[PDB]
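S.K.: I am attaching a structure below and will ask some questions about it afterwards.
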Amino acid sequence: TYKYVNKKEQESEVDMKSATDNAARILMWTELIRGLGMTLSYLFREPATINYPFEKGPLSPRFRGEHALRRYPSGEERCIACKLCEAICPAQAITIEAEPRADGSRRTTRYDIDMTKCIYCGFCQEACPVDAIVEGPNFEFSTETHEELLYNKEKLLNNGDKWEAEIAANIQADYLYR
Amino acid sequence: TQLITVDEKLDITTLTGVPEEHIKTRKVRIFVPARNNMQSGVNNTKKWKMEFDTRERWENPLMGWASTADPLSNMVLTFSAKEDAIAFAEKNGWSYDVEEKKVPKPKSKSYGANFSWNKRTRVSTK
Amino acid sequence: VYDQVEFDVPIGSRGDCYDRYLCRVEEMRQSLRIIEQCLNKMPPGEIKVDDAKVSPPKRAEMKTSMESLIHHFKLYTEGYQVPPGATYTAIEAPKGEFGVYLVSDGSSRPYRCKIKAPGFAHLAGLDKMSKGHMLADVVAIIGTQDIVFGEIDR
Amino acid sequence: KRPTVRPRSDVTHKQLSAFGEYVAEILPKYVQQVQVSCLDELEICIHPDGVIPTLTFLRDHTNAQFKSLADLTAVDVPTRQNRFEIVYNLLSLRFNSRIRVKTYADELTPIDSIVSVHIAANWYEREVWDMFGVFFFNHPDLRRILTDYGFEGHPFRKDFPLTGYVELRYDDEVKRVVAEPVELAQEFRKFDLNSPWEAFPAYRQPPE
Amino acid sequence: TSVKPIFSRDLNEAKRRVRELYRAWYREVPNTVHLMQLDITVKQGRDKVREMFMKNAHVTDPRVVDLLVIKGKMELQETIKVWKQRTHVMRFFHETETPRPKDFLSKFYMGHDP
Amino acid sequence: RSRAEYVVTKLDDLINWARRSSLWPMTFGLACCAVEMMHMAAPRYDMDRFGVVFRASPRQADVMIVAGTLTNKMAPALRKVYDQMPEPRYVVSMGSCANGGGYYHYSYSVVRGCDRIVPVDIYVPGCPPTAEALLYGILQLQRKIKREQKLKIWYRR
Amino acid sequence: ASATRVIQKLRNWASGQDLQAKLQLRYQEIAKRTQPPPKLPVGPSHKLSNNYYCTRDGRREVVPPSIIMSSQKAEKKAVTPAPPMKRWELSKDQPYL
Amino acid sequence: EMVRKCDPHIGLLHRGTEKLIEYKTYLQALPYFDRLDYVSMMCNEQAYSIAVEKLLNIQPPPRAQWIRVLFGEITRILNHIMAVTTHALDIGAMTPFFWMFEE
Amino acid sequence: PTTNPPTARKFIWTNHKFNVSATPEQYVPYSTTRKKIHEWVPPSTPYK
Amino acid sequence: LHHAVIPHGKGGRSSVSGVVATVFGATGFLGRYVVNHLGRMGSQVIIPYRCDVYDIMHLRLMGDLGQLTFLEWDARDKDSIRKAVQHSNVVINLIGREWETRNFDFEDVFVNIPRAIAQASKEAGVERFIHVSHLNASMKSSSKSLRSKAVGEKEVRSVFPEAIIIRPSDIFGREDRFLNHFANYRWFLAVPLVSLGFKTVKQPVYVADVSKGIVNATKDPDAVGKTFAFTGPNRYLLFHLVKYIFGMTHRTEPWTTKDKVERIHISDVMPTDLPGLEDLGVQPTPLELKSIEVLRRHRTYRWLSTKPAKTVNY
Amino acid sequence: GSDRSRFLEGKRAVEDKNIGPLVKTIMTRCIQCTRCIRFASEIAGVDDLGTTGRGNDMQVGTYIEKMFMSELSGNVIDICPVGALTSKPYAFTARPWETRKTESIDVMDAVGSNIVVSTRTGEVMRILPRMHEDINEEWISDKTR
Amino acid sequence: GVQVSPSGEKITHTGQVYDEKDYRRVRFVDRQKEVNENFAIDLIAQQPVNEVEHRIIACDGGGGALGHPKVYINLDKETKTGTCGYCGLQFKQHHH
Ligand SMILES: NC(=O)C1=CN([C@@H]2O[C@H](COP(=O)(O)OP(=O)(O)OC[C@H]3O[C@@H](n4cnc5c(N)ncnc54)[C@H](OP(=O)(O)O)[C@@H]3O)[C@@H](O)[C@H]2O)C=CC1
Ligand code: SF4
Ligand code: SF4
Ligand code: SF4
Ligand code: SF4
Ligand code: SF4
Ligand SMILES: [K+]
Ligand SMILES: [Zn+2]
């Protein structure tokens, strides 16, 4: 179906009272006065402003923030150098180099993610088969140089060790949906 | 009235916009790509491919990434025919090296050869 | 399920900025009506197509089953292969008609993807709309044409 | 019935086949092929000489009334002689239908512009020229619309590199924004994401 | 070996269009240098235009010459109404790029590029 | 230390406090990130409450917020607008596009980061980074220009 | 929601609308940030029998387009691409504004 | 005060999106549509999803279709707010811009 | 995290660190791979 | 050589030229052009600075990611000098002032800082040291700064015997204190020229030419242990130079000091035995060609939209 | 194949072997296609590999701790369709989608075997054979590989 | 554990360290090279061997869906513990 936004039914004639009403409207600024009144009403409401940084905007456990590399509860790195994260990474922001470790484990020697190239889409954390790479909820990591956003394996492991108390809780809260 | 004659080799290098270095100094390869021997499928050996000669890839001083200086490093073009690839290469002015399609030779496969009376094709295991 | 929901279509009568603004507001109201209908008629069931060769399986199924792991691997490395052919899919974007012309060669990557923008045609028609008008008038025409430039430029 | 398979209605296929026969027999001088896809979309492939009569007939016919041009695009397939396939998607509001008209061109044979038929074809053909280098005859103002000012080469062609040939940076010695031959700190890693096994036996080409 | 002409039946009026385009470019170079405040002089801008023409001068296909004339008209018109800026005009000179000498010894000393 | 250096340090404190309390930007806004910029201008986060005035001219601007994808066709305009801005000027790049090209890093018509054109003071990572995170970047910029000691450097000249 | 009755009456009169009924600030009616764990259902293909993939392979049912006429391969009433579009009925809810 | 001719020069945000999409896979090219129209994200996602689903001859489940329609109409509300409030901001009024951006 | 504390792991940082940008303790990137091509070492004794 | 210092690439922004250069006067006027050329070919440029990070901020766009390393230093901190020159193969010294402060004077700036820098460079074992002196700062000159630069040349050659010493003439450029200085004489009533500027002969040299010469001296094997004279192609009288700059403008930190006017009125010597820009591979561009981009900012609006001064052999 | 599993039981697991420093064996992945056994019997001509056991417990390998090192012994890594017989120098190094393929010629002997050099990020990562029926068929020597 | 080179620079868990004469340590001049202190090889070496009663064990890394894909380890060799390829946990069959 459809409806008219500006068409009006038939005619309302030209009556002296209607003419006087229109003349009063465009001589005494009635719509202007009512617009002033409801802007005054918003002057008298409560502002919707939170007190940053002492108050933070609400979020969800699904939030895709700063990247991090997790661990098993034993302490072993969860990553097994399988390169699906860089295979699926739509911005090609992940570079991985790998070799067998001294005990023969399949581990990475290089795991670099470029924050300046990353689009923060979570494809790595949803393609990771062992929940190694995650987009933890950190977003307040703005840097003063372009280099500091060029993360490597040591920086990502440090982020994972720092945010493990929250990343694991978010994964516990949300993993039944995914 | 609306049909003229041209007796040339269809050179469009002045309109392609490519710099003259990446026209004159480049060599292209026209070939059916070889089957990846780690698999047995042959669907990737159906179409002709043109690629360019490999240029320098060095190491980034900051991250160790593979830095390059030529734009035609990931340029691979797909053709349905060797003559189509030839026409495209001569039209774009690139010097070409072409190798013919390596087809697998037909083989006489016989399951009964594994159990021969006198030939050496009899197997000792299965 | 737009055939299943019911709503009204705002239709102008003068073809100006005022009528377009009224149409956009009544579209907001009808959108709220459709939101009410969707909230009332949300059905239960699965969330993706139950086809692991196109949509990835669940993570528990991926970590338990062999086929699910294989399909997850192939979908997140190579992706699903789209059969070759061309389509033009157009939907009612809020800014107009959003069109996608996909040509697929049979591989896991699209051979051609043309994005048709309503804003491209609207800003092409900006010059016709600005005839006999003003600076604030052409600013208002740009505002009422619903112009975004990422979609225009691509 | 099947929840994972798209439902198919054959009435649209029959209607589009009938209309394809209709257009093909009305214009045998230009129409080279008529096909209806499995998606119930009508494609009519015509000679480049008949772009103006075909578009005018589809816009102005009583049975067609394809007064709205959906889009105008080009596809670069550099294995055929006329490598640019120009595609016109049109919409008929009177009959609630959509049609596609295809034609071909190469780098040196321009095709007639349809600005006189549809006005959006102005900017759309400007885009096609800027991205592919297909010239258009009798255009009001054919020029670049998306590339940089003085950009050399047509970037949507298949043989054009993804990263391009030049890159811009601010040089303090000349106090300008200058163009350099392109050098990447990290090269774009190409991925060979093609399975060696055939996926769709319905599209199995015969061997050469 | 028979094709459809674009604008020129043969090389003669194609060269006529080339001469007209070169004439208009030669006219516009001083106006370009004066209006867009170029560091260059009028002489070397005309030399740049001339050696661009000599760079394209080796082609004798009438269709390619017509398309080159068309592209030159687009560049010229883009210079007439000033959308192409000072940076875009100065991109023709490559004054910020160290050129590569063409001798084998220098190309050997730099790297593996032929 | 000397009594004069204490007065110089207090003068630096006053000047830096003025510059960080009154931070008027123009947002050289291009895209998604500019939409998220005006979501930071929105009443929830209130940079106007922070002292940061929405929609200022480049002649009256202190910091340029590079918000979106810098293309080759737009980079001379970016440099010209940056040159028109007065000398005490800072640059907050925001988003992966303005940081390092981002999702269009390997594009033929995209500048790989706006730091190739203008000197960036602070990079804000995300695509788009939240308005919460951009306001974090602005407060980090205020701390950074609080750390400046210009009269101290001039006295130690 | 913490506004006094005088300010509430002033706001309601000044705006012409009942504002306390529909407050734009969420206070307590929103959902809890901690939720009970869900159990998502499975799709129609989660069965142990009569579930061969060839019976539900929609990707493999795509055929090449049917050539109606080709230049190398290939009294009736005139037709339209579709029947003409039915005129839209006016809205029975609110036809005019 | 007249507007005699208007020529909009564009390409200032040209990103080579189609070339990048044809150089990437379908799932990798999905978030390009989020940044094509950066106000109508779910709608561009829905259009691309319907196109690829048509080419794949598959259909999403009814719950997914209902969710897609619901967030498409939420996105329509977002985009119409964007259009109306930026139009009013260009004309000169910004309080509805602030109000609707809280929404 | 007083009624429901997080799970304790030995690799979790016991001291939280804020943003350390433009500090001596900031992050500096480097290639975490070792040397890939090993050069020939000439002998330390003359042939004559 | 080390494996990380081998040159690679085509010489672009992301290429490696194998040059690890610590540039000490990089925050000045010649230093920005030197750093621009180094980062343009692609090099590891270490910038020790003592001014504000805001003052050095314009240098950040001028190389690739990680190819520029900014670090604070003090002229009285030889530990900071050693930490700046510890990992480098070229050390370039551009430290200089046109006036004297209460903390640093001409002797300190032109002798003690270059001697300490070269001593630390020799202790760290860098391969190449380049020191920029000034032309006609031979010895016993009338101004104190030229004598200080002569003593600094002697000390640098004493502590680092193979140091490349470059003596340019009065360098002109966009941010110079020569052409902008002569343009800023117009703000007074008239032109204060001693003997009406006829006795002084000058050949100014372009800042980009000097920076190209410095970079080619870093990369040149034959420049080791040599002294170069970086001069323009044409010699002008001071009065003819003032006439040319005023007629090109079309019109008609102290501003100036006694040492500055003494160096202005000191004539430029004839470079005869010394090698020059043509010997380092740089063609000296003239002031007539590279003067419009400098003096345009001093013109009026009517004159926004001139015969050269004549050249003498002596 | 199908897109899901009905296998609700526990999978079998097979202990690995140590047939040499070239071929790494993870025999749990083996699908018992006897390609390696047939190759070793017919082309390598060693008769060292085989199947020991019966039924689901039938294991491919060597019954004794025997080191399978002849020439032409990387071709079992080539022709093993599963990743049961992998290359130990190539272990955990790269991926086939990221490796670029360069068709070259081997110079280790004078046969001139056609090969593919698999190079990733400007570094030679692997050597594979090329199909050439007149030179080397489908195989290359161990020294070449 | 984290060890230091003769240059004084910490060696990463990948074994990477800069040489004495390498110029690339100027990026660590006046800054720090951060190395993750927890070494995964040492941490998995500290783990005791799980002593199970079955010839074939199943590992998912713990937590069910929160761990790695479930694999089966064959504990037939009595001279060597079976190692999980994902989590690195070691298992030993109890034959007493
Ligand atoms: N400029 C000219 O026309 C000519 C210059 N020269 C010589 O070339 C060199 C560079 O010239 P130019 O750029 O014009 O000179 P500047 O006046 O610009 O100063 C050069 C650099 O020296 C630094 N510097 C000055 N005093 C000290 C100090 N006490 N301790 C540490 N650093 C200090 C400055 O840093 P900061 O910003 O911290 O003060 C600046 O980066 C100088 O040695 C000069 O004598 C030779 C011929 C002509
Ligand atoms: S979130 Fe970033 S790193 Fe992960 S796949 Fe997406 S773009 Fe790549
Ligand atoms: S997908 Fe996960 S386990 Fe695989 S390489 Fe990436 S981070 Fe490592
Ligand atoms: S960084 Fe992401 S959100 Fe920002 S402009 Fe680029 S694509 Fe849009
Ligand atoms: S070739 Fe591989 S899968 Fe086949 S029997 Fe041998 S080890 Fe098993
Ligand atoms: S990649 Fe193949 S061989 Fe390896 S575990 Fe998976 S199915 Fe088995
Ligand atoms: K194998
Ligand atoms: Zn495990």
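Each chain of the structure tokens is named A, B, ... in the order shown, its residues numbered from 1; ligands are numbered from 1 in display order.
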Using only C-alpha atoms, select each residue of chain C with any atom at most 12 Å away from an atom of chain B, and give the selection as a ChimeraX atom specification.
M.R.: /C:105-107,111
S.K.: From a backbone DSSP assignment, name each residue in segment 51-93 of chain H labelled alpha helix (DSSP H), as a PyMOL selection string.
M.R.: chain H and resi 51-56+62-91
S.K.: Give the residue list for ligand 5 at 7 Å, counting only C-alpha atoms and all ligand atoms, as a list in words, sorted by chain and then by residue number.
M.R.: residues 27, 30, 31, 32, 33, 34, 35, 36, 37, 60, 76, 79, 80, 81, 82, 84 and 85 of chain K
S.K.: So that I have them on file, write out the residues from the current selection with N, CA and C atoms, as a compact mmCIF listing (two decimals), in the first residue's frame.
M.R.:
# COMPACT_ATOMS: atom_id res chain seq x y z
N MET K 27 51.23 -41.47 11.45
CA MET K 27 50.48 -42.54 10.81
C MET K 27 49.02 -42.59 11.23
N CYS K 30 47.03 -41.67 8.25
CA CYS K 30 47.10 -42.56 7.10
C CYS K 30 45.75 -43.21 6.83
N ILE K 31 45.38 -43.27 5.55
CA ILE K 31 44.13 -43.87 5.12
C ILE K 31 44.35 -45.21 4.43
N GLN K 32 45.57 -45.76 4.52
CA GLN K 32 45.90 -47.12 4.09
C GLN K 32 45.62 -47.34 2.60
N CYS K 33 46.09 -46.41 1.77
CA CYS K 33 45.86 -46.52 0.34
C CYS K 33 46.98 -47.27 -0.38
N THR K 34 48.03 -47.66 0.35
CA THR K 34 49.17 -48.45 -0.14
C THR K 34 49.91 -47.79 -1.30
N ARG K 35 49.77 -46.47 -1.46
CA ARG K 35 50.51 -45.77 -2.50
C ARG K 35 52.00 -45.78 -2.22
N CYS K 36 52.38 -45.53 -0.96
CA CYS K 36 53.79 -45.56 -0.59
C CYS K 36 54.37 -46.96 -0.73
N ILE K 37 53.59 -47.98 -0.36
CA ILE K 37 54.05 -49.36 -0.48
C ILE K 37 54.26 -49.73 -1.94
N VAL K 60 50.22 -49.20 8.16
CA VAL K 60 51.21 -49.04 7.11
C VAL K 60 52.52 -48.59 7.75
N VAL K 76 57.30 -40.33 -1.83
CA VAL K 76 56.23 -40.80 -0.95
C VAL K 76 55.56 -39.61 -0.26
N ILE K 79 53.25 -38.35 -3.10
CA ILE K 79 52.09 -39.14 -3.49
C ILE K 79 51.22 -39.57 -2.32
N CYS K 80 51.64 -39.34 -1.09
CA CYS K 80 50.75 -39.58 0.04
C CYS K 80 49.65 -38.53 0.00
N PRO K 81 48.39 -38.91 -0.21
CA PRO K 81 47.35 -37.88 -0.37
C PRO K 81 47.03 -37.16 0.92
N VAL K 82 47.02 -37.88 2.03
CA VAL K 82 46.87 -37.30 3.35
C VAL K 82 48.23 -36.81 3.83
N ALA K 84 50.08 -37.92 6.12
CA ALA K 84 50.73 -38.93 6.95
C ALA K 84 52.23 -38.93 6.74
N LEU K 85 52.68 -38.83 5.49
CA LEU K 85 54.10 -38.80 5.15
C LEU K 85 54.42 -37.38 4.71
S.K.: Using only C-alpha atoms and all ligand atoms, which residues have at least one atom no more than 6 Å from ligand 3? Output them as a ChimeraX atom specification.
M.R.: /A:79-85,127-128,130,132-133
S.K.: Quick check: residues of chain L within 9 Å of chain K, only C-alpha atoms, returned as a list in words.
M.R.: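 For chain L, the answer reads residues 56, 57, 58, 71, 72, 73, 74, 75, 76, 77 and 82 of chain L.
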S.K.: Can you write out the residues you just picked, keeping C-alpha atoms, as a PDB file, in the first residue's frame?
M.R.:
ATOM      1  CA  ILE L  56      44.265 -44.508  23.494  1.00  0.00           C
ATOM      2  CA  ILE L  57      43.555 -41.214  25.246  1.00  0.00           C
ATOM      3  CA  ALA L  58      41.483 -38.253  24.067  1.00  0.00           C
ATOM      4  CA  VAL L  71      42.351 -35.674  19.115  1.00  0.00           C
ATOM      5  CA  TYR L  72      43.345 -39.194  20.110  1.00  0.00           C
ATOM      6  CA  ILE L  73      46.853 -40.107  21.271  1.00  0.00           C
ATOM      7  CA  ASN L  74      48.099 -43.703  21.065  1.00  0.00           C
ATOM      8  CA  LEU L  75      50.197 -44.540  24.138  1.00  0.00           C
ATOM      9  CA  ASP L  76      51.836 -47.713  22.854  1.00  0.00           C
ATOM     10  CA  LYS L  77      55.485 -46.685  23.244  1.00  0.00           C
ATOM     11  CA  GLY L  82      52.509 -39.298  24.037  1.00  0.00           C
TER      12      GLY L  82
END
S.K.: Please identify all residues of chain G having at least one atom at most 7 Å from any atom of chain H, considering only C-alpha atoms, and return them as a ChimeraX atom specification.
M.R.: /G:58-59,62
S.K.: Save the residues we just selected, N, CA and C atoms, as a PDB file, in the first residue's frame?
M.R.:
ATOM      1  N   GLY G  58      21.970 -27.498  -3.178  1.00  0.00           N
ATOM      2  CA  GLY G  58      21.454 -26.420  -4.001  1.00  0.00           C
ATOM      3  C   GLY G  58      22.501 -25.766  -4.874  1.00  0.00           C
ATOM      4  N   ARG G  59      23.772 -25.849  -4.481  1.00  0.00           N
ATOM      5  CA  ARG G  59      24.843 -25.247  -5.267  1.00  0.00           C
ATOM      6  C   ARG G  59      25.054 -25.972  -6.588  1.00  0.00           C
ATOM      7  N   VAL G  62      22.609 -25.417 -10.082  1.00  0.00           N
ATOM      8  CA  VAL G  62      22.748 -24.291 -10.994  1.00  0.00           C
ATOM      9  C   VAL G  62      23.195 -24.804 -12.355  1.00  0.00           C
TER      10      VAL G  62
END
S.K.: Show me which residues line ligand 8, defined as having an atom within 6 Å of a ligand atom where only C-alpha atoms and all ligand atoms count, and present them as a PyMOL selection string.
M.R.: chain L and resi 59-61+84+86-87+89
S.K.: Name the residues, by chain letter and number, that sit within 8 Å of ligand 2 using only C-alpha atoms and all ligand atoms, and give them as a PyMOL selection string.
M.R.: (chain A and resi 64+67+85-86+88-94+113-115+117-125+135) or (chain F and resi 103)
S.K.: With N, CA, C and O atoms kept, could you save the residues just selected as an mmCIF file, in the first residue's frame?
M.R.:
data_model
loop_
_atom_site.group_PDB
_atom_site.id
_atom_site.type_symbol
_atom_site.label_atom_id
_atom_site.label_comp_id
_atom_site.auth_asym_id
_atom_site.auth_seq_id
_atom_site.Cartn_x
_atom_site.Cartn_y
_atom_site.Cartn_z
ATOM 1 N N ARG A 64 35.026 -6.149 19.667
ATOM 2 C CA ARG A 64 36.265 -6.436 18.955
ATOM 3 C C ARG A 64 37.226 -5.280 19.194
ATOM 4 O O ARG A 64 37.152 -4.247 18.524
ATOM 5 N N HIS A 67 43.966 -6.739 19.650
ATOM 6 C CA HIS A 67 44.262 -8.147 19.441
ATOM 7 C C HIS A 67 45.154 -8.691 20.552
ATOM 8 O O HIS A 67 45.941 -7.971 21.170
ATOM 9 N N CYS A 85 44.251 -17.514 10.185
ATOM 10 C CA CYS A 85 43.937 -16.119 10.483
ATOM 11 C C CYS A 85 44.475 -15.187 9.404
ATOM 12 O O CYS A 85 43.767 -14.281 8.949
ATOM 13 N N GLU A 86 45.710 -15.410 8.957
ATOM 14 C CA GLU A 86 46.234 -14.612 7.859
ATOM 15 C C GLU A 86 45.674 -15.042 6.512
ATOM 16 O O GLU A 86 45.716 -14.255 5.562
ATOM 17 N N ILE A 88 42.432 -15.758 6.120
ATOM 18 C CA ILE A 88 41.099 -15.165 6.059
ATOM 19 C C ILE A 88 41.146 -13.654 6.249
ATOM 20 O O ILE A 88 40.171 -12.968 5.902
ATOM 21 N N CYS A 89 42.270 -13.107 6.742
ATOM 22 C CA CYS A 89 42.413 -11.688 7.053
ATOM 23 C C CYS A 89 42.177 -10.837 5.814
ATOM 24 O O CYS A 89 43.004 -10.828 4.894
ATOM 25 N N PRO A 90 41.047 -10.124 5.754
ATOM 26 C CA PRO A 90 40.669 -9.446 4.508
ATOM 27 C C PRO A 90 41.563 -8.277 4.160
ATOM 28 O O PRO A 90 41.615 -7.888 2.988
ATOM 29 N N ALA A 91 42.266 -7.703 5.128
ATOM 30 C CA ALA A 91 43.183 -6.608 4.873
ATOM 31 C C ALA A 91 44.629 -7.060 4.753
ATOM 32 O O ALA A 91 45.507 -6.212 4.567
ATOM 33 N N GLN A 92 44.882 -8.370 4.851
ATOM 34 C CA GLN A 92 46.227 -8.955 4.823
ATOM 35 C C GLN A 92 47.128 -8.331 5.887
ATOM 36 O O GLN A 92 48.291 -8.012 5.641
ATOM 37 N N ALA A 93 46.576 -8.154 7.084
ATOM 38 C CA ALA A 93 47.270 -7.481 8.171
ATOM 39 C C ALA A 93 48.040 -8.432 9.076
ATOM 40 O O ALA A 93 48.669 -7.971 10.033
ATOM 41 N N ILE A 94 48.012 -9.734 8.802
ATOM 42 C CA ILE A 94 48.673 -10.735 9.631
ATOM 43 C C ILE A 94 49.781 -11.388 8.818
ATOM 44 O O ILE A 94 49.551 -11.842 7.691
ATOM 45 N N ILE A 113 50.704 -8.529 13.577
ATOM 46 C CA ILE A 113 49.432 -7.977 13.126
ATOM 47 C C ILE A 113 49.571 -6.464 13.100
ATOM 48 O O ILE A 113 49.968 -5.853 14.099
ATOM 49 N N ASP A 114 49.254 -5.867 11.960
ATOM 50 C CA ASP A 114 49.356 -4.425 11.769
ATOM 51 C C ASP A 114 48.035 -3.785 12.180
ATOM 52 O O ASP A 114 47.022 -3.959 11.497
ATOM 53 N N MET A 115 48.045 -3.041 13.293
ATOM 54 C CA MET A 115 46.864 -2.285 13.704
ATOM 55 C C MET A 115 46.471 -1.228 12.686
ATOM 56 O O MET A 115 45.277 -0.963 12.516
ATOM 57 N N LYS A 117 46.753 -1.541 9.528
ATOM 58 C CA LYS A 117 46.141 -2.247 8.413
ATOM 59 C C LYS A 117 44.904 -3.029 8.818
ATOM 60 O O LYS A 117 44.024 -3.243 7.980
ATOM 61 N N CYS A 118 44.823 -3.451 10.079
ATOM 62 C CA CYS A 118 43.681 -4.209 10.572
ATOM 63 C C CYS A 118 42.388 -3.414 10.476
ATOM 64 O O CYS A 118 42.365 -2.200 10.686
ATOM 65 N N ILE A 119 41.303 -4.117 10.154
ATOM 66 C CA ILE A 119 39.980 -3.516 10.091
ATOM 67 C C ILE A 119 39.101 -3.934 11.252
ATOM 68 O O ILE A 119 37.933 -3.517 11.311
ATOM 69 N N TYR A 120 39.632 -4.734 12.184
ATOM 70 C CA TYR A 120 38.976 -5.065 13.451
ATOM 71 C C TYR A 120 37.648 -5.774 13.205
ATOM 72 O O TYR A 120 36.598 -5.398 13.728
ATOM 73 N N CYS A 121 37.714 -6.821 12.383
ATOM 74 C CA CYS A 121 36.537 -7.523 11.907
ATOM 75 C C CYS A 121 36.312 -8.868 12.578
ATOM 76 O O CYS A 121 35.257 -9.474 12.365
ATOM 77 N N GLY A 122 37.262 -9.352 13.373
ATOM 78 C CA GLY A 122 37.061 -10.587 14.102
ATOM 79 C C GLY A 122 37.148 -11.845 13.276
ATOM 80 O O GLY A 122 36.836 -12.927 13.788
ATOM 81 N N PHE A 123 37.555 -11.742 12.009
ATOM 82 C CA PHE A 123 37.654 -12.934 11.176
ATOM 83 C C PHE A 123 38.758 -13.856 11.668
ATOM 84 O O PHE A 123 38.614 -15.078 11.595
ATOM 85 N N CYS A 124 39.848 -13.292 12.192
ATOM 86 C CA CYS A 124 40.909 -14.115 12.762
ATOM 87 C C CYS A 124 40.425 -14.862 13.997
ATOM 88 O O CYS A 124 40.702 -16.055 14.158
ATOM 89 N N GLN A 125 39.695 -14.180 14.880
ATOM 90 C CA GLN A 125 39.243 -14.828 16.102
ATOM 91 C C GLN A 125 38.087 -15.786 15.863
ATOM 92 O O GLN A 125 37.832 -16.644 16.714
ATOM 93 N N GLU A 135 40.133 -10.777 19.726
ATOM 94 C CA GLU A 135 39.985 -9.328 19.750
ATOM 95 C C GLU A 135 39.438 -8.976 21.126
ATOM 96 O O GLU A 135 38.227 -8.894 21.332
ATOM 97 N N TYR F 103 42.212 -0.890 5.079
ATOM 98 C CA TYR F 103 41.574 -1.879 4.225
ATOM 99 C C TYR F 103 41.783 -1.593 2.748
ATOM 100 O O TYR F 103 41.480 -2.452 1.914
#
S.K.: Return the single residue from C:98, C:120, C:73, C:149 that is closest to ligand 6, with distances computed using only C-alpha atoms and all ligand atoms.
M.R.: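 Closest to ligand 6 of all the choices is C:73.
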S.K.: Give me, as a ChimeraX atom specification, the residues of segment 18-94 of chain F that a backbone DSSP run labels strand (DSSP E or B).
M.R.: /F:25-29,63-67,71,90-94
S.K.: If we count only C-alpha atoms, which residues of chain G reach to within 9 Å of chain K? Please list them as a VMD selection string.
M.R.: chain G and resid 45 to 49 51 to 54
S.K.: Would you mind exporting C-alpha atoms of the selected residues as an mmCIF file, in the first residue's frame?
M.R.:
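File selection04.cif, as written:
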data_model
loop_
_atom_site.group_PDB
_atom_site.id
_atom_site.type_symbol
_atom_site.label_atom_id
_atom_site.label_comp_id
_atom_site.auth_asym_id
_atom_site.auth_seq_id
_atom_site.Cartn_x
_atom_site.Cartn_y
_atom_site.Cartn_z
ATOM 1 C CA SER G 45 20.199 -31.017 8.362
ATOM 2 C CA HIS G 46 21.133 -32.149 11.897
ATOM 3 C CA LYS G 47 19.774 -35.663 11.465
ATOM 4 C CA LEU G 48 21.438 -39.070 11.413
ATOM 5 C CA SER G 49 19.550 -40.509 8.427
ATOM 6 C CA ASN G 51 20.408 -36.606 5.007
ATOM 7 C CA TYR G 52 22.557 -37.327 1.972
ATOM 8 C CA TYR G 53 24.159 -34.150 0.679
ATOM 9 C CA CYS G 54 23.182 -34.866 -2.937
#
S.K.: Please build the interface table for chain B against chain A with a cut-off of 9 Å, listing for each qualifying residue the nearest atom pair and the distance in Å to one decimal; count only C-alpha atoms, order rows by chain and increasing number, and write it as a tab-separated table.
M.R.:
residue	atom	partner	partner_atom	distance
B:62	CA	A:147	CA	8.6
B:63	CA	A:150	CA	8.2
B:65	CA	A:95	CA	8.1
